[PDB]
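One chain follows as structure tokens, the form deposited in one PDB entry.
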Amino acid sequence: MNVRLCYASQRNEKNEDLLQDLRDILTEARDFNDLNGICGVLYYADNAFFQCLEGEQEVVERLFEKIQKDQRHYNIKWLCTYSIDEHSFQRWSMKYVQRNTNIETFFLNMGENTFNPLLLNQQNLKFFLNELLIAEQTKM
């Protein structure tokens, strides 16, 4: 089974150098994901991560277990795991997306002015993933 797994987490602010942490996370993620048949997107804004992992169920669940142990975030909240009929994020071992006015417009239009993916219902999380898919990747 191929699956998409999504979660949200909090930036651990004990870590002072966020810019280097994001570089390190994306370096590690792109290396491992490429070697293990995983793709997806990492969204970062307002001290919170949202990630979607796509790939074979066992490798994706194993990677999510490893990510839970990572001291660069805390308060990991699993949002969904479902089987997928297409790999939407196959262009990227790990796409990087930051907040932009289109994503802010998306949240405002559906009434969620916190811009917090953790608050989205199943349908709105699918729409949020669409925004992350069409967003121009942020070059790190």
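Between two forms, the rigid core is defined as the largest C-alpha subset superposing within 1.5 Å. When you see a residue number, it is the position in the sequence shown, counting from 1.
Below, we refer to the form deposited in another entry, which is not included among the displayed structures.
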Would you mind telling me which residue of 109, 83, 68, 90 shifts its Cα by 2 Å or more between this form and the one not shown when the core is superposed? 109
Quick one: core overlaid, is residue 129 moving 2 Å or more at the Cα between this form and the one not shown? no
Using a rigid core alignment, state whether the CA of residue 118 is displaced by 2 Å or more between this form and the one not shown. yes
